[PDB]
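S.K.: Data file entry.txt (compact mmCIF, N, CA and C atoms and all ligand atoms) is appended below.
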# COMPACT_ATOMS: atom_id res chain seq x y z
N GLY E 1124 83.58 176.14 255.09
CA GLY E 1124 84.65 176.76 255.88
C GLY E 1124 85.96 176.03 256.00
N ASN E 1125 86.68 176.39 257.05
CA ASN E 1125 87.94 175.76 257.38
C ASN E 1125 87.73 175.03 258.68
N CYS E 1126 88.48 173.95 258.85
CA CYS E 1126 88.34 173.10 260.03
C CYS E 1126 88.64 173.83 261.34
N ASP E 1127 89.59 174.75 261.30
CA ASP E 1127 90.02 175.50 262.48
C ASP E 1127 88.94 176.39 263.12
N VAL E 1128 88.08 177.00 262.30
CA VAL E 1128 87.10 177.97 262.79
C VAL E 1128 86.04 177.41 263.75
N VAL E 1129 85.50 176.24 263.44
CA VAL E 1129 84.44 175.65 264.25
C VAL E 1129 85.04 175.07 265.54
N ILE E 1130 84.23 174.97 266.59
CA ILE E 1130 84.68 174.42 267.86
C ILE E 1130 84.02 173.08 268.17
N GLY E 1131 84.83 172.12 268.59
CA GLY E 1131 84.35 170.78 268.93
C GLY E 1131 84.22 169.84 267.74
N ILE E 1132 84.66 170.28 266.57
CA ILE E 1132 84.64 169.46 265.37
C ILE E 1132 85.53 168.22 265.54
N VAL E 1133 85.07 167.08 265.07
CA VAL E 1133 85.82 165.83 265.27
C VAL E 1133 86.28 165.27 263.94
N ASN E 1134 87.54 164.88 263.88
CA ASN E 1134 88.10 164.29 262.67
C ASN E 1134 87.31 163.03 262.33
N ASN E 1135 86.85 162.92 261.09
CA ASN E 1135 86.12 161.76 260.65
C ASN E 1135 86.16 161.68 259.13
N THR E 1136 85.71 160.57 258.57
CA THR E 1136 85.74 160.41 257.12
C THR E 1136 84.35 160.50 256.53
N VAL E 1137 84.21 161.30 255.48
CA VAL E 1137 82.94 161.45 254.79
C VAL E 1137 83.00 160.70 253.48
N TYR E 1138 81.98 159.89 253.23
CA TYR E 1138 81.96 159.04 252.05
C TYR E 1138 81.10 159.59 250.92
N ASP E 1139 81.64 159.54 249.70
CA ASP E 1139 80.95 160.01 248.53
C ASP E 1139 80.47 158.84 247.68
N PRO E 1140 79.16 158.81 247.37
CA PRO E 1140 78.48 157.80 246.55
C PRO E 1140 78.94 157.78 245.09
N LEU E 1141 79.23 158.96 244.55
CA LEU E 1141 79.63 159.14 243.16
C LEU E 1141 80.97 158.48 242.76
N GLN E 1142 81.97 158.53 243.64
CA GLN E 1142 83.30 158.02 243.30
C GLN E 1142 83.37 156.53 242.93
N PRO E 1143 82.68 155.66 243.68
CA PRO E 1143 82.66 154.22 243.36
C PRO E 1143 82.08 153.93 241.99
N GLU E 1144 81.00 154.63 241.64
CA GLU E 1144 80.37 154.45 240.34
C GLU E 1144 81.29 154.82 239.19
N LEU E 1145 82.04 155.91 239.37
CA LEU E 1145 82.98 156.37 238.36
C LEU E 1145 84.07 155.33 238.11
N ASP E 1146 84.56 154.71 239.19
CA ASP E 1146 85.62 153.71 239.09
C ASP E 1146 85.06 152.38 238.59
N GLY L 1124 65.10 152.79 253.39
CA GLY L 1124 64.31 151.58 253.58
C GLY L 1124 64.37 150.54 252.46
N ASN L 1125 63.66 149.44 252.68
CA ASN L 1125 63.59 148.34 251.73
C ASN L 1125 62.16 148.19 251.33
N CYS L 1126 61.92 147.70 250.11
CA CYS L 1126 60.58 147.56 249.61
C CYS L 1126 59.83 146.33 250.13
N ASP L 1127 59.46 146.36 251.41
CA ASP L 1127 58.73 145.27 252.01
C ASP L 1127 57.70 145.83 252.96
N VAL L 1128 58.14 146.77 253.79
CA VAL L 1128 57.31 147.32 254.87
C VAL L 1128 56.11 148.19 254.45
N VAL L 1129 56.30 149.04 253.46
CA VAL L 1129 55.26 150.01 253.06
C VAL L 1129 53.96 149.35 252.59
N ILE L 1130 52.84 149.88 253.07
CA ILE L 1130 51.52 149.30 252.83
C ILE L 1130 51.05 149.39 251.38
N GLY L 1131 51.25 150.55 250.75
CA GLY L 1131 50.87 150.75 249.36
C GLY L 1131 52.09 151.12 248.57
N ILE L 1132 52.36 150.37 247.51
CA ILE L 1132 53.56 150.63 246.76
C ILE L 1132 53.41 150.30 245.28
N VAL L 1133 54.17 150.98 244.43
CA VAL L 1133 54.11 150.76 242.99
C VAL L 1133 55.51 150.68 242.43
N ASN L 1134 55.65 150.03 241.28
CA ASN L 1134 56.96 149.77 240.69
C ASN L 1134 57.19 150.65 239.46
N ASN L 1135 58.29 151.41 239.48
CA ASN L 1135 58.70 152.32 238.42
C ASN L 1135 60.21 152.53 238.62
N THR L 1136 60.92 153.04 237.63
CA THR L 1136 62.37 153.16 237.78
C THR L 1136 62.80 154.61 238.01
N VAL L 1137 63.43 154.85 239.14
CA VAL L 1137 63.96 156.16 239.47
C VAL L 1137 65.14 156.35 238.53
N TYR L 1138 65.03 157.32 237.66
CA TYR L 1138 66.02 157.52 236.58
C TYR L 1138 67.45 157.85 236.95
N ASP L 1139 67.74 158.55 238.03
CA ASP L 1139 69.16 158.62 238.36
C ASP L 1139 69.91 159.13 237.11
N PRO L 1140 69.87 160.43 236.89
CA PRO L 1140 70.48 161.17 235.78
C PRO L 1140 71.99 161.00 235.77
N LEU L 1141 72.51 160.50 236.89
CA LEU L 1141 73.92 160.31 237.14
C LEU L 1141 74.63 159.32 236.22
N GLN L 1142 74.03 158.18 235.95
CA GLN L 1142 74.66 157.21 235.08
C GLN L 1142 74.84 157.81 233.69
N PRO L 1143 73.80 158.49 233.19
CA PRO L 1143 73.88 159.18 231.91
C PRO L 1143 74.91 160.28 231.92
N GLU L 1144 74.96 161.04 233.01
CA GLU L 1144 75.91 162.15 233.10
C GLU L 1144 77.39 161.73 233.10
N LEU L 1145 77.72 160.64 233.79
CA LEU L 1145 79.12 160.17 233.85
C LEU L 1145 79.65 159.75 232.49
N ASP L 1146 78.82 159.05 231.72
CA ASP L 1146 79.17 158.61 230.38
C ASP L 1146 78.93 159.71 229.36
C1 LIG U 1 83.95 169.84 276.82
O1 LIG U 1 83.96 170.01 278.25
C2 LIG U 1 85.23 169.69 278.86
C3 LIG U 1 85.11 169.70 280.40
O2 LIG U 1 84.16 168.70 280.73
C4 LIG U 1 86.30 170.63 278.32
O3 LIG U 1 87.57 170.28 278.84
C5 LIG U 1 86.37 170.50 276.80
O4 LIG U 1 87.30 171.41 276.22
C6 LIG U 1 85.00 170.76 276.21
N1 LIG U 1 85.05 170.59 274.78
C7 LIG U 1 84.37 171.32 273.88
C8 LIG U 1 84.67 170.85 272.51
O5 LIG U 1 83.62 172.27 274.08
Can the structure in the file be given as structure tokens, please?
M.R.:
Amino acid sequence: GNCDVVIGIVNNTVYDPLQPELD
Amino acid sequence: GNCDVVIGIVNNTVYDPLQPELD
């Protein structure tokens, strides 16, 4: 979805395992 | 987890298709 639709959602950072390996 | 606590354990390599896929 979009961030606006849900209620009580908190800004945070999600980490991806794949990106470090690629670099 | 880490490979210390579990009572019965065996050694084999989890293939992780990812390394092959990136290259
Ligand atoms: C949580 O409850 C407070 C009142 O205690 C209210 O002001 C706030 O908007 C509520 N937040 C959510 C995300 O439901």
S.K.: Would you list the residues that come within 10 Å of ligand LIG 1 (chain U)? Count only C-alpha atoms and all ligand atoms and give the answer as a list in words.
M.R.: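 Checked against 10 Å with only C-alpha atoms and all ligand atoms; the hits are residues 1129, 1130, 1131, 1132 and 1133 of chain E.
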S.K.: Fit chain L to chain E, using all C-alpha atoms paired in sequence order for the least-squares superposition, and then show me the result as a PDB file with N, CA and C atoms, in the frame of the given file.
M.R.:
ATOM      1  N   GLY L1124      83.324 176.061 254.461  1.00  0.00           N
ATOM      2  CA  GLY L1124      84.331 176.418 255.453  1.00  0.00           C
ATOM      3  C   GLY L1124      85.572 175.526 255.521  1.00  0.00           C
ATOM      4  N   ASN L1125      86.479 175.897 256.416  1.00  0.00           N
ATOM      5  CA  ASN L1125      87.722 175.173 256.630  1.00  0.00           C
ATOM      6  C   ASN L1125      87.723 174.700 258.046  1.00  0.00           C
ATOM      7  N   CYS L1126      88.405 173.582 258.311  1.00  0.00           N
ATOM      8  CA  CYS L1126      88.429 173.017 259.632  1.00  0.00           C
ATOM      9  C   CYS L1126      89.395 173.703 260.602  1.00  0.00           C
ATOM     10  N   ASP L1127      89.050 174.921 261.018  1.00  0.00           N
ATOM     11  CA  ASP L1127      89.868 175.661 261.948  1.00  0.00           C
ATOM     12  C   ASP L1127      88.972 176.404 262.909  1.00  0.00           C
ATOM     13  N   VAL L1128      87.966 177.070 262.353  1.00  0.00           N
ATOM     14  CA  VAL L1128      87.085 177.958 263.125  1.00  0.00           C
ATOM     15  C   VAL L1128      86.140 177.288 264.140  1.00  0.00           C
ATOM     16  N   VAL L1129      85.548 176.171 263.765  1.00  0.00           N
ATOM     17  CA  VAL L1129      84.527 175.514 264.606  1.00  0.00           C
ATOM     18  C   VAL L1129      85.055 175.080 265.977  1.00  0.00           C
ATOM     19  N   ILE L1130      84.269 175.362 267.011  1.00  0.00           N
ATOM     20  CA  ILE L1130      84.670 175.137 268.398  1.00  0.00           C
ATOM     21  C   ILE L1130      84.801 173.664 268.782  1.00  0.00           C
ATOM     22  N   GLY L1131      83.838 172.841 268.360  1.00  0.00           N
ATOM     23  CA  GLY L1131      83.866 171.414 268.639  1.00  0.00           C
ATOM     24  C   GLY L1131      83.859 170.664 267.340  1.00  0.00           C
ATOM     25  N   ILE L1132      84.841 169.791 267.155  1.00  0.00           N
ATOM     26  CA  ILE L1132      84.930 169.100 265.896  1.00  0.00           C
ATOM     27  C   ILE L1132      85.524 167.703 266.034  1.00  0.00           C
ATOM     28  N   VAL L1133      85.157 166.800 265.133  1.00  0.00           N
ATOM     29  CA  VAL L1133      85.651 165.428 265.166  1.00  0.00           C
ATOM     30  C   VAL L1133      86.062 165.003 263.776  1.00  0.00           C
ATOM     31  N   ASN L1134      86.944 164.013 263.698  1.00  0.00           N
ATOM     32  CA  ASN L1134      87.521 163.587 262.426  1.00  0.00           C
ATOM     33  C   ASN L1134      86.955 162.232 261.996  1.00  0.00           C
ATOM     34  N   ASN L1135      86.389 162.191 260.785  1.00  0.00           N
ATOM     35  CA  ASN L1135      85.788 161.011 260.180  1.00  0.00           C
ATOM     36  C   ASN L1135      85.783 161.283 258.667  1.00  0.00           C
ATOM     37  N   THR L1136      85.601 160.271 257.837  1.00  0.00           N
ATOM     38  CA  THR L1136      85.683 160.507 256.396  1.00  0.00           C
ATOM     39  C   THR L1136      84.303 160.487 255.737  1.00  0.00           C
ATOM     40  N   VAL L1137      83.943 161.595 255.126  1.00  0.00           N
ATOM     41  CA  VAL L1137      82.693 161.708 254.396  1.00  0.00           C
ATOM     42  C   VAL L1137      82.885 160.843 253.161  1.00  0.00           C
ATOM     43  N   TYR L1138      82.105 159.797 253.066  1.00  0.00           N
ATOM     44  CA  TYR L1138      82.286 158.778 252.009  1.00  0.00           C
ATOM     45  C   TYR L1138      82.118 159.187 250.562  1.00  0.00           C
ATOM     46  N   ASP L1139      81.269 160.132 250.205  1.00  0.00           N
ATOM     47  CA  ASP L1139      81.359 160.551 248.810  1.00  0.00           C
ATOM     48  C   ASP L1139      81.236 159.288 247.930  1.00  0.00           C
ATOM     49  N   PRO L1140      80.017 158.820 247.739  1.00  0.00           N
ATOM     50  CA  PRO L1140      79.622 157.640 246.964  1.00  0.00           C
ATOM     51  C   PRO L1140      80.026 157.779 245.506  1.00  0.00           C
ATOM     52  N   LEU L1141      80.366 159.010 245.128  1.00  0.00           N
ATOM     53  CA  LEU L1141      80.721 159.400 243.783  1.00  0.00           C
ATOM     54  C   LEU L1141      81.976 158.744 243.212  1.00  0.00           C
ATOM     55  N   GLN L1142      83.038 158.652 243.984  1.00  0.00           N
ATOM     56  CA  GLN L1142      84.250 158.035 243.490  1.00  0.00           C
ATOM     57  C   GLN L1142      83.979 156.574 243.149  1.00  0.00           C
ATOM     58  N   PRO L1143      83.258 155.874 244.036  1.00  0.00           N
ATOM     59  CA  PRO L1143      82.862 154.496 243.783  1.00  0.00           C
ATOM     60  C   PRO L1143      81.959 154.374 242.583  1.00  0.00           C
ATOM     61  N   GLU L1144      81.012 155.299 242.453  1.00  0.00           N
ATOM     62  CA  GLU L1144      80.071 155.248 241.333  1.00  0.00           C
ATOM     63  C   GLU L1144      80.710 155.442 239.947  1.00  0.00           C
ATOM     64  N   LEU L1145      81.677 156.351 239.838  1.00  0.00           N
ATOM     65  CA  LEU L1145      82.340 156.608 238.542  1.00  0.00           C
ATOM     66  C   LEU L1145      83.103 155.398 238.031  1.00  0.00           C
ATOM     67  N   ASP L1146      83.805 154.715 238.933  1.00  0.00           N
ATOM     68  CA  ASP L1146      84.555 153.515 238.604  1.00  0.00           C
ATOM     69  C   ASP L1146      83.660 152.288 238.609  1.00  0.00           C
TER      70      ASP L1146
END
S.K.: What are the residues of chain L that have an atom within 9 Å of an atom of chain E, counting only C-alpha atoms, as a ChimeraX atom specification?
M.R.: /L:1141-1142,1145
S.K.: Let me know the centre plus edge lengths, in Å and rounded to one decimal, of a box with edges along x, y and z that contains all listed atoms of segment 1125-1143 of chain L and is padded by 3 Å on every side, as lines of an AutoDock Vina configuration file.
M.R.:
center_x = 62.9
center_y = 153.2
center_z = 243.4
size_x = 30.0
size_y = 21.9
size_z = 29.0
S.K.: Using DSSP on the backbone coordinates, identify the residues of chain E assigned to alpha helix (DSSP H); present them as a list in words.
M.R.: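 Taking chain E and keeping alpha helix (DSSP H) gives residues 1141, 1142, 1143, 1144 and 1145 of chain E.
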S.K.: Generate the coordinates of N, CA, C and O atoms for segment 1126-1141 of chain L; report them as a PDB file, in the coordinates of the input.
M.R.:
ATOM      1  N   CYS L1126      61.920 147.700 250.110  1.00  0.00           N
ATOM      2  CA  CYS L1126      60.580 147.560 249.610  1.00  0.00           C
ATOM      3  C   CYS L1126      59.830 146.330 250.130  1.00  0.00           C
ATOM      4  O   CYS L1126      59.597 145.395 249.376  1.00  0.00           O
ATOM      5  N   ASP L1127      59.460 146.360 251.410  1.00  0.00           N
ATOM      6  CA  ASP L1127      58.730 145.270 252.010  1.00  0.00           C
ATOM      7  C   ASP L1127      57.700 145.830 252.960  1.00  0.00           C
ATOM      8  O   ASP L1127      56.518 145.448 252.915  1.00  0.00           O
ATOM      9  N   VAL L1128      58.140 146.770 253.790  1.00  0.00           N
ATOM     10  CA  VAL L1128      57.310 147.320 254.870  1.00  0.00           C
ATOM     11  C   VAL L1128      56.110 148.190 254.450  1.00  0.00           C
ATOM     12  O   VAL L1128      55.021 148.076 255.041  1.00  0.00           O
ATOM     13  N   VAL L1129      56.300 149.040 253.460  1.00  0.00           N
ATOM     14  CA  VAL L1129      55.260 150.010 253.060  1.00  0.00           C
ATOM     15  C   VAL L1129      53.960 149.350 252.590  1.00  0.00           C
ATOM     16  O   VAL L1129      53.980 148.390 251.799  1.00  0.00           O
ATOM     17  N   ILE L1130      52.840 149.880 253.070  1.00  0.00           N
ATOM     18  CA  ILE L1130      51.520 149.300 252.830  1.00  0.00           C
ATOM     19  C   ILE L1130      51.050 149.390 251.380  1.00  0.00           C
ATOM     20  O   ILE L1130      50.506 148.412 250.837  1.00  0.00           O
ATOM     21  N   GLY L1131      51.250 150.550 250.750  1.00  0.00           N
ATOM     22  CA  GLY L1131      50.870 150.750 249.360  1.00  0.00           C
ATOM     23  C   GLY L1131      52.090 151.120 248.570  1.00  0.00           C
ATOM     24  O   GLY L1131      52.808 152.052 248.914  1.00  0.00           O
ATOM     25  N   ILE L1132      52.360 150.370 247.510  1.00  0.00           N
ATOM     26  CA  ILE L1132      53.560 150.630 246.760  1.00  0.00           C
ATOM     27  C   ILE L1132      53.410 150.300 245.280  1.00  0.00           C
ATOM     28  O   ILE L1132      52.580 149.468 244.904  1.00  0.00           O
ATOM     29  N   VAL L1133      54.170 150.980 244.430  1.00  0.00           N
ATOM     30  CA  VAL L1133      54.110 150.760 242.990  1.00  0.00           C
ATOM     31  C   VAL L1133      55.510 150.680 242.430  1.00  0.00           C
ATOM     32  O   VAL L1133      56.446 151.188 243.033  1.00  0.00           O
ATOM     33  N   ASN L1134      55.650 150.030 241.280  1.00  0.00           N
ATOM     34  CA  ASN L1134      56.960 149.770 240.690  1.00  0.00           C
ATOM     35  C   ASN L1134      57.190 150.650 239.460  1.00  0.00           C
ATOM     36  O   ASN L1134      56.395 150.676 238.521  1.00  0.00           O
ATOM     37  N   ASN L1135      58.290 151.410 239.480  1.00  0.00           N
ATOM     38  CA  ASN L1135      58.700 152.320 238.420  1.00  0.00           C
ATOM     39  C   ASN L1135      60.210 152.530 238.620  1.00  0.00           C
ATOM     40  O   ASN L1135      60.735 152.218 239.679  1.00  0.00           O
ATOM     41  N   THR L1136      60.920 153.040 237.630  1.00  0.00           N
ATOM     42  CA  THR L1136      62.370 153.160 237.780  1.00  0.00           C
ATOM     43  C   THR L1136      62.800 154.610 238.010  1.00  0.00           C
ATOM     44  O   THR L1136      62.513 155.471 237.198  1.00  0.00           O
ATOM     45  N   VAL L1137      63.430 154.850 239.140  1.00  0.00           N
ATOM     46  CA  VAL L1137      63.960 156.160 239.470  1.00  0.00           C
ATOM     47  C   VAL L1137      65.140 156.350 238.530  1.00  0.00           C
ATOM     48  O   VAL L1137      66.118 155.609 238.583  1.00  0.00           O
ATOM     49  N   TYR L1138      65.030 157.320 237.660  1.00  0.00           N
ATOM     50  CA  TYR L1138      66.020 157.520 236.580  1.00  0.00           C
ATOM     51  C   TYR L1138      67.450 157.850 236.950  1.00  0.00           C
ATOM     52  O   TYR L1138      68.353 157.385 236.238  1.00  0.00           O
ATOM     53  N   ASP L1139      67.740 158.550 238.030  1.00  0.00           N
ATOM     54  CA  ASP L1139      69.160 158.620 238.360  1.00  0.00           C
ATOM     55  C   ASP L1139      69.910 159.130 237.110  1.00  0.00           C
ATOM     56  O   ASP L1139      70.547 158.374 236.374  1.00  0.00           O
ATOM     57  N   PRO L1140      69.870 160.430 236.890  1.00  0.00           N
ATOM     58  CA  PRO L1140      70.480 161.170 235.780  1.00  0.00           C
ATOM     59  C   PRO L1140      71.990 161.000 235.770  1.00  0.00           C
ATOM     60  O   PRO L1140      72.611 161.249 234.749  1.00  0.00           O
ATOM     61  N   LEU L1141      72.510 160.500 236.890  1.00  0.00           N
ATOM     62  CA  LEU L1141      73.920 160.310 237.140  1.00  0.00           C
ATOM     63  C   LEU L1141      74.630 159.320 236.220  1.00  0.00           C
ATOM     64  O   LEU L1141      75.739 159.594 235.765  1.00  0.00           O
TER      65      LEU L1141
END
